[PDB]
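Enquirer: First the structure, then my questions, so here it is.
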Number of protein chains: 2
Amino acid sequence: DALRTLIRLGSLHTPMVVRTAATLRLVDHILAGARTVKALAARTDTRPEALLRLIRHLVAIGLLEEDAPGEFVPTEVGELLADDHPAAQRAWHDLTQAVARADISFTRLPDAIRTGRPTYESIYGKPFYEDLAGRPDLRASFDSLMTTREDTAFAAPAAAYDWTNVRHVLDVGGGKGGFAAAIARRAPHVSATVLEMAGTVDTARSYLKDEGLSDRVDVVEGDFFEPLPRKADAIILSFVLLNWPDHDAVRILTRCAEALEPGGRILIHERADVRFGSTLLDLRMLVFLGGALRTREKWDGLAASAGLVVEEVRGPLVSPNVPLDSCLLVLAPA
Amino acid sequence: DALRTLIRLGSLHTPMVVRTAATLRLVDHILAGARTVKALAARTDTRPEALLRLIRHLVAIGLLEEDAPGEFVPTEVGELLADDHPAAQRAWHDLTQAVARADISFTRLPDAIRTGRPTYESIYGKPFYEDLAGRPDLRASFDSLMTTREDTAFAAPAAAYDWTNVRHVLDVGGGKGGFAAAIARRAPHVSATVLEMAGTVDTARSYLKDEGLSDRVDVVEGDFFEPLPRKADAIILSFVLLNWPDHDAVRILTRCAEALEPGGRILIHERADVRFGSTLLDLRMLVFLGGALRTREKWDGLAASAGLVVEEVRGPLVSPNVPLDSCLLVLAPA
Ligand SMILES: CC[C@@]1(O)C[C@H](O)c2c(cc3c(c2O)C(=O)c2c(OC)cccc2C3=O)[C@H]1C(=O)OC
Ligand SMILES: CC[C@@]1(O)C[C@H](O)c2c(cc3c(c2O)C(=O)c2c(OC)cccc2C3=O)[C@H]1C(=O)OC
Ligand SMILES: Nc1ncnc2c1ncn2[C@@H]1O[C@H](CSCC[C@H](N)C(=O)O)[C@@H](O)[C@H]1O
Ligand SMILES: Nc1ncnc2c1ncn2[C@@H]1O[C@H](CSCC[C@H](N)C(=O)O)[C@@H](O)[C@H]1O
């Protein structure tokens, strides 16, 4: 009992079997009509004997079941590996896309606990975002994964703040601009600017065009460790600061403080440290990037170092469906 | 629900957190009196902030619990990570010992499914047993791990066969000689020979000496792909053949057939393919070694190729305590 529990918790084969199934698009091939192990093997370009041994573990953990002899089909849980499922778990487990690939850094977790430093570079040759800057496929899949974290498409954070006195929003590291878009739909008088890295700026521009928002949201390529491209009344850091150790996060916050208009505020949208998934995201930040999730008291110190104070934390954001784990910290000049 | 289930099954951070805790000997340090995170950090030579983030996940998965503020203790499941626990799970999860280290091969499982070939060499530079031959620390921990698979110390397989008409036993790849020892205690008239690799032969010799069996069990250093050192009435292959692809297993079986006395038998002691843990061991063999677990029908073909027939399979072996997953196949000249 206790022995079986410990063995399952410590098992490396099971998560790699799940990720291999996702990378091979196994459930998609089954749902597209691959009824036999020979057809599945052919569509995935794998050895049939080896694929069957993978399938045997997929059956044992309840992702596949045998309907007829030799005919394997997804269970209710396996169906979440279909590529069009809205939770996007296939892509989140795909070893050729940015996050599951980055998760290999966990194989060197002892080094990260001994040093406090990320292990991603020791495995892939460059730190996380520099590796993405050299790999257009990983840059693109990362940006797409970041748009599948929550089901409101930033509607819930955009609704948690009053935009009446805001004329311009600067979305610092704003990904493909989904947050800037949600504010624009919410608040017709606001204009916005997204500051992002090379590669990402082009998909942000295409996304904002296709929303019909090109006239209201601009995109600037740049580095948020440098002086920001313009001033704004609200400056958004959405899942940015957790990517960075304290001294780097203070540098970013300081650049934002310097770009605030009088009366402006900085909005940090992030999962706060205090259930489910908190330790996964925190340890991801450690081994990918050297970042961390932060408590309120930790945020107080970071803000003070940047000439700011935490005015308000708008607690875990609500959706009609699956709850957002994230919060909105509102920061003002000290 | 289904989403949380899939996310837990696909999680790489949880098994690496367990293995990191085992490698750091975290539970041993707690039980030896490390009551604070600062004391634990000092004994494990880790950063206190990073160690706490590891501990937070260890609490979330139920291996540790907080007794007093800042004082972490093993749960009933965490206690199995104590190094002296008889299930030996600490060593089985220790990333500096041979098996948990080998499990990193699972990070390249897609390659193994595409090619049918093991991934261990692509990661560590040499195939499994050649890597052990160059690493005395891994050779030794592997040999020790192989003595902790079952709780009877080979008493159950030794009791599953009638030794009356056996005068000499050859234990081919017999590890530290634990199986030869169990037969010797069971059957006072039998002498035995263990055939093993360099390094392992010395710990076999020390173990057999310390059992008081040096006069009854010899150890020979050699290669079981070469002609065997002598003939015997029973030739044991205990958790050997699953290490090898079919053609290599046939070579071994053939060497054994050539060394059988008239009326002799070959005993294969292995987990047969047909619950819990079957797919783990099978996929381990794939990615470590290119081996596999085999069904009865597969064994029939291998035996026939070696000039043998399966006479009898003595089904899953029984213990008074935790059941042995293994079986004993009895093979005779065709
Ligand atoms: C179901 C929750 C969630 O889908 C969304 C959660 O927000 C979240 C996840 C993963 C990542 C991030 C997340 O925010 C990142 O912010 C992130 C990052 O920061 C910009 C830089 C690199 C990688 C990641 C990352 O892999 C997922 C999770 O399971 O974690 C518990
Ligand atoms: C609780 C079961 C068990 O403790 C014992 C089970 O017999 C078993 C295990 C691990 C290994 C082997 C086992 O036989 C090997 O034979 C082996 C091997 O073969 C000689 C060569 C390299 C690695 C291994 C190996 O890691 C464990 C397990 O959990 O697997 C489901
Ligand atoms: N120096 C830098 N300058 C500008 N953006 C950077 C940067 N370093 C990292 N980033 C960006 O920071 C982002 C963090 S991922 C978060 C994206 C988006 N805000 C969201 O909530 O979904 C990435 O898109 C990355 O491109
Ligand atoms: N070419 C070879 N010649 C002899 N032994 C070999 C060998 N290749 C691998 N081995 C041995 O095969 C063993 C398989 S592990 C099984 C050990 C033991 N029979 C038990 O049941 O516990 C290892 O000890 C390894 O040293």
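Every chain in the structure tokens takes a letter, A first, then B, and so on in the order presented; its residues are numbered from 1, and the ligands are numbered from 1 following the presented order.
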So which residues touch region 223-238 of chain A within 7 Å, counting only C-alpha atoms, skipping near sequence neighbours fewer than 6 positions away, as an MDAnalysis selection string?
Expert: chainID A and resid 166:174 197 251:252 255:256 259:261 264:270
Enquirer: Dump C-alpha atoms for the selected residues as a PDB file, in the first residue's frame?
Expert:
```pdb
ATOM      1  CA  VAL A 166      -6.724  55.018 -17.973  1.00  0.00           C
ATOM      2  CA  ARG A 167      -5.919  56.427 -21.397  1.00  0.00           C
ATOM      3  CA  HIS A 168      -2.944  54.218 -22.362  1.00  0.00           C
ATOM      4  CA  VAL A 169      -1.862  50.731 -21.291  1.00  0.00           C
ATOM      5  CA  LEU A 170       1.679  49.401 -21.704  1.00  0.00           C
ATOM      6  CA  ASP A 171       1.710  45.570 -21.710  1.00  0.00           C
ATOM      7  CA  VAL A 172       5.324  44.749 -20.804  1.00  0.00           C
ATOM      8  CA  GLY A 173       6.278  41.311 -22.116  1.00  0.00           C
ATOM      9  CA  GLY A 174       2.646  40.977 -23.179  1.00  0.00           C
ATOM     10  CA  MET A 197      10.839  40.129 -28.079  1.00  0.00           C
ATOM     11  CA  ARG A 251      15.123  46.076 -12.511  1.00  0.00           C
ATOM     12  CA  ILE A 252      11.926  45.447 -14.506  1.00  0.00           C
ATOM     13  CA  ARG A 255      11.814  50.507 -15.590  1.00  0.00           C
ATOM     14  CA  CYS A 256       8.017  50.388 -15.219  1.00  0.00           C
ATOM     15  CA  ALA A 259       7.465  55.027 -17.304  1.00  0.00           C
ATOM     16  CA  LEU A 260       4.391  55.637 -15.126  1.00  0.00           C
ATOM     17  CA  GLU A 261       2.303  58.737 -15.800  1.00  0.00           C
ATOM     18  CA  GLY A 264      -0.609  55.573 -12.939  1.00  0.00           C
ATOM     19  CA  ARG A 265      -0.452  52.040 -11.564  1.00  0.00           C
ATOM     20  CA  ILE A 266       1.506  48.870 -12.244  1.00  0.00           C
ATOM     21  CA  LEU A 267      -0.592  45.695 -12.448  1.00  0.00           C
ATOM     22  CA  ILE A 268       1.199  42.412 -11.742  1.00  0.00           C
ATOM     23  CA  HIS A 269      -0.920  39.482 -12.957  1.00  0.00           C
ATOM     24  CA  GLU A 270       0.558  36.284 -11.510  1.00  0.00           C
TER      25      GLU A 270
END
```
Enquirer: Taking only C-alpha atoms and all ligand atoms into account, which residues have an atom no farther than 10 Å from ligand 3? I'd like them as a PyMOL selection string.
Expert: chain A and resi 128-130+132-133+139-140+142-150+153-154+171-180+194-201+204+220-226+228+236-244+252+268-270
Enquirer: Could you list, as a compact mmCIF listing (two decimals) with C-alpha atoms, in the first residue's frame, every residue within 8 Å of residue 317 (chain B), counting only C-alpha atoms and ignoring same-chain residues fewer than 2 positions away?
Expert:
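Output file selection34.txt is given in full below:
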```
# COMPACT_ATOMS: atom_id res chain seq x y z
CA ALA B 156 11.02 -18.91 -2.90
CA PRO B 157 12.60 -19.74 -6.30
CA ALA B 160 10.10 -24.15 -6.33
CA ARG B 314 6.04 -22.65 -12.25
CA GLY B 315 3.74 -19.70 -11.94
CA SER B 319 6.03 -15.53 -0.25
CA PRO B 323 4.26 -11.73 -3.40
CA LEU B 324 7.04 -12.42 -5.86
CA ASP B 325 6.15 -11.26 -9.35
CA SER B 326 8.56 -13.81 -10.84
CA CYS B 327 8.20 -17.27 -12.38
```
Enquirer: Which of these, B:247, B:85, B:13, B:209, has the shortest distance to residue 279 (chain A) once you count only C-alpha atoms?
Expert: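 Going through B:247, B:85, B:13, B:209 one by one, the smallest distance to residue 279 (chain A) is for B:13.
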Enquirer: Which residues of chain A sit at most 7 Å from chain B, using only C-alpha atoms? Give each one's shortest atom pair and distance in Å (one decimal place), in chain and ascending residue order, as JSON lines.
Expert:
```
{"residue": "A:2", "atom": "CA", "partner": "B:77", "partner_atom": "CA", "distance": 5.1}
{"residue": "A:6", "atom": "CA", "partner": "B:77", "partner_atom": "CA", "distance": 6.3}
{"residue": "A:9", "atom": "CA", "partner": "B:15", "partner_atom": "CA", "distance": 5.7}
{"residue": "A:10", "atom": "CA", "partner": "B:15", "partner_atom": "CA", "distance": 4.0}
{"residue": "A:11", "atom": "CA", "partner": "B:15", "partner_atom": "CA", "distance": 5.5}
{"residue": "A:12", "atom": "CA", "partner": "B:15", "partner_atom": "CA", "distance": 5.8}
{"residue": "A:13", "atom": "CA", "partner": "B:106", "partner_atom": "CA", "distance": 6.1}
{"residue": "A:14", "atom": "CA", "partner": "B:9", "partner_atom": "CA", "distance": 6.6}
{"residue": "A:15", "atom": "CA", "partner": "B:10", "partner_atom": "CA", "distance": 4.0}
{"residue": "A:16", "atom": "CA", "partner": "B:106", "partner_atom": "CA", "distance": 6.3}
{"residue": "A:18", "atom": "CA", "partner": "B:10", "partner_atom": "CA", "distance": 5.4}
{"residue": "A:19", "atom": "CA", "partner": "B:10", "partner_atom": "CA", "distance": 6.5}
{"residue": "A:20", "atom": "CA", "partner": "B:110", "partner_atom": "CA", "distance": 5.7}
{"residue": "A:45", "atom": "CA", "partner": "B:114", "partner_atom": "CA", "distance": 6.5}
{"residue": "A:46", "atom": "CA", "partner": "B:114", "partner_atom": "CA", "distance": 4.0}
{"residue": "A:47", "atom": "CA", "partner": "B:114", "partner_atom": "CA", "distance": 5.5}
{"residue": "A:50", "atom": "CA", "partner": "B:113", "partner_atom": "CA", "distance": 5.1}
{"residue": "A:51", "atom": "CA", "partner": "B:113", "partner_atom": "CA", "distance": 5.9}
{"residue": "A:56", "atom": "CA", "partner": "B:279", "partner_atom": "CA", "distance": 6.9}
{"residue": "A:57", "atom": "CA", "partner": "B:279", "partner_atom": "CA", "distance": 5.6}
{"residue": "A:77", "atom": "CA", "partner": "B:2", "partner_atom": "CA", "distance": 5.1}
{"residue": "A:103", "atom": "CA", "partner": "B:12", "partner_atom": "CA", "distance": 6.9}
{"residue": "A:106", "atom": "CA", "partner": "B:13", "partner_atom": "CA", "distance": 6.1}
{"residue": "A:107", "atom": "CA", "partner": "B:16", "partner_atom": "CA", "distance": 6.4}
{"residue": "A:109", "atom": "CA", "partner": "B:20", "partner_atom": "CA", "distance": 6.8}
{"residue": "A:110", "atom": "CA", "partner": "B:20", "partner_atom": "CA", "distance": 5.7}
{"residue": "A:113", "atom": "CA", "partner": "B:50", "partner_atom": "CA", "distance": 5.1}
{"residue": "A:114", "atom": "CA", "partner": "B:46", "partner_atom": "CA", "distance": 4.0}
{"residue": "A:115", "atom": "CA", "partner": "B:47", "partner_atom": "CA", "distance": 6.3}
{"residue": "A:116", "atom": "CA", "partner": "B:50", "partner_atom": "CA", "distance": 5.9}
{"residue": "A:279", "atom": "CA", "partner": "B:57", "partner_atom": "CA", "distance": 5.6}
{"residue": "A:280", "atom": "CA", "partner": "B:13", "partner_atom": "CA", "distance": 6.7}
```
Enquirer: Distance CA of residue 43 (chain B)-CA of residue 98 (chain B), one decimal place?
Expert: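 Taking CA of residue 43 (chain B) as the start and CA of residue 98 (chain B) as the end point, the length is 23.4 Å.
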Enquirer: Mind giving me the straight-line distance from atom 7 (C, counted along the ligand's line) of ligand 4 to CA of residue 303 (chain B) in Å, one decimal?
Expert: 19.4 Å
Enquirer: As a ChimeraX atom specification, please: every residue in region 8-103 of chain A that a backbone DSSP assignment puts in strand (DSSP E or B).
Expert: /A:64-66,72-74
Enquirer: Applying 8 Å and only C-alpha atoms, which residues near residue 158 (chain A) remain after dropping the ones on its own chain fewer than 6 positions away? List them as a PyMOL selection string.
Expert: chain A and resi 179+182-183+186
Enquirer: Store the residues of this selection in a file with N, CA and C atoms, as a tab-separated table (two decimals), in the first residue's frame.
Expert:
```tsv
chain	number	residue	atom	x	y	z
A	179	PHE	N	-3.88	40.00	-23.50
A	179	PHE	CA	-4.32	40.82	-22.37
A	179	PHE	C	-4.66	42.23	-22.84
A	182	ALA	N	-7.99	42.07	-24.47
A	182	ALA	CA	-9.14	41.96	-23.57
A	182	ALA	C	-9.48	43.30	-22.94
A	183	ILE	N	-8.46	44.09	-22.59
A	183	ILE	CA	-8.71	45.42	-22.05
A	183	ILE	C	-9.38	46.29	-23.09
A	186	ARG	N	-12.96	45.45	-23.38
A	186	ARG	CA	-13.60	45.88	-22.15
A	186	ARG	C	-13.78	47.40	-22.10
```
Enquirer: What's the separation between CA of residue 193 (chain A) and atom 23 (C, counted along the ligand's line) of ligand 1, in Å to one decimal place?
Expert: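 Pair CA of residue 193 (chain A) / atom 23 (C, counted along the ligand's line) of ligand 1 returns 23.2 Å.
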Enquirer: From a DSSP pass on the backbone, collect the residues of region 234-292 of chain A flagged as helix (DSSP H, G or I) and hand them back as a ChimeraX atom specification.
Expert: /A:241-243,246-258,278-289
